[PDB]
Ligand SMILES: NC(=[NH2+])c1ccc2[nH]c(-c3cc(OC(F)(F)F)ccc3[O-])nc2c1
Ligand SMILES: [Ca+2]
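Numbering (mature numbering (1 follows the signal peptide of the UniProt record, and there is no 0)), first residue to last: 7 to 229.
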C-alpha cells in the first residue's frame, strides 16, 4: 500500500495473508471455511494466515490453516486478468471472534465516489521495494467508468473498476494482490492490477465482486 497508514492490529479482521514460506498475496475471509482472493495469486502449498498484523512475528491471534482447495474462476484470463477471482476452502474452519471475522458479500455494486478501505502487506514505495511488517490501510474512492477507461483504454472489462487517486501518491501495489476493497461493510473489490504503483493518472484496477456473488454462492454450496 503506498501512501496508506498502519491499520492497527486486528482492525481489519477479514484480511488474510496467503503464505507459501513468505507472504505473497492478500485475501478476504467470507465465512469460516472460505476465503476469496485473486486468481493470479493461485499456487499450491498455500497456508492461509488469519488474525495477522505483523507477518514476521507470532504475537497472538493468528490462525494458520492450510488451504484444502483453491478454485480459480473457470473464465479467468491471465493475459487480461478478466475474472481475476479465486475461492480457497480451508482444511478446517477458522474460530471467528472479534479479531478474525468474515466480511459480507455485496447485495449491490457500489457507485463511483463510494469511499472504500483497501488493506495489505504489499509494497509501500512506488519506486523500489519496502515491505512492511504490519498491515497498511488506505481509504480510496471508486472512480467513474469514464476516468477508469480513459486511464487504461481497452484494458477494463465490466468485471473491473478503478479506485484511487489520479494525482498519484496513494495506491495498492504488488503484495496487496488478492486483498479486499470494502465499502460500507461489503466486499466490493479484490486488488488485481495497475501500472506501477501510485503513478499519476494510473489508478488501481480491482475485480468487481458484485458480478460474482451468485457464482461464489453456487460454488461454495457445491464444494
Ligand atoms: N498499482 C496497483 N494498484 C497494483 C495492484 C496490484 C498489483 N499487483 C501487482 C503484481 C506485481 C507483480 O510483480 C510485477 F510487478 F513484476 F509484475 C507480481 C504480482 C502482482 O500481483 N502489481 C500490482 C499493482
Ligand atoms: Ca504475526
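For every residue, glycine included, the Cβ atom is placed at its ideal position computed from N, Cα and C.
{"Item": "For residue 124 and residue 31, the rounded distance between their alpha carbons", "Value": "13 Å"}
{"Item": "Pair within 8 Å by beta-carbon distance, residue 215 and residue 80", "Value": "no"}
{"Item": "DSSP three-state assignment for residue 218, whether helix, strand or coil", "Value": "helix"}
{"Item": "Proximity test, residue 127 beta-carbon vs ligand 1 heavy atom, cut-off 7 Å", "Value": "no"}
{"Item": "Bounding residues of the alpha helix (DSSP H) (the contiguous stretch that carries residue 157)", "Value": "151-157"}
{"Item": "Counted within 10 angstroms of its Cβ, other Cβ atoms place residue 146 as buried (16 or more) or exposed", "Value": "buried"}
{"Item": "beta-carbon residue 63 near ligand 2 non-hydrogen atom, thresh 7 Å", "Value": "yes"}
{"Item": "Neighbour-count burial assignment, residue 186, 16 or more Cβ in a 10 Å radius", "Value": "buried"}
{"Item": "For residue 174 and residue 137, the rounded distance between their alpha carbons", "Value": "19 Å"}
{"Item": "Chain-order list of residues whose beta-carbon lies under 7 Å from that of residue 13 (same chain, five-residue window excluded)", "Value": "125, 141, 142 and 143"}
{"Item": "The region 150-167 in contact with the region 199-217 per 3-pair CB rule at 8 Å", "Value": "yes"}
{"Item": "Nearest-angstrom Cβ-Cβ length linking residue 128 and residue 7, presumed shorter than 8 Å", "Value": "6 Å"}
{"Item": "Span separating the alpha-carbon of residue 4 from that of residue 176", "Value": "Any answer about residue 4 is impossible in this case: the structure gives the chain only from 7 up to 229."}
{"Item": "Start-end ranges of the beta strand (DSSP E) lying completely within the region 10-79, minimum 3 residues", "Value": "21-25, 29-37, 40-43, 53-56 and 69-78"}
{"Item": "Three-state secondary structure assigned by DSSP to residue 226", "Value": "helix"}
{"Item": "Residue 76 beta carbon less than 8 Å from that of residue 52", "Value": "yes"}
{"Item": "Neighbourhood of residue 115 by C-beta, 6 Å cutoff - its chain only, sequence neighbours within 5 removed", "Value": "216"}
{"Item": "Span separating the alpha-carbon of residue 38 from that of residue 29", "Value": "21 Å"}
{"Item": "Neighbour flag for residue 153 against chain B, beta carbons, 8 Å", "Value": "The question asks about chain B, but that chain is absent: this structure has only one protein chain."}
{"Item": "Where residue 195 sits in the DSSP three-state scheme", "Value": "strand"}
{"Item": "Residue 131 classed as buried or exposed, judged by whether at least 16 other C-beta atoms fall within 10 angstroms", "Value": "exposed"}
{"Item": "Residues sharing a beta bridge with residue 110, DSSP", "Value": "192"}
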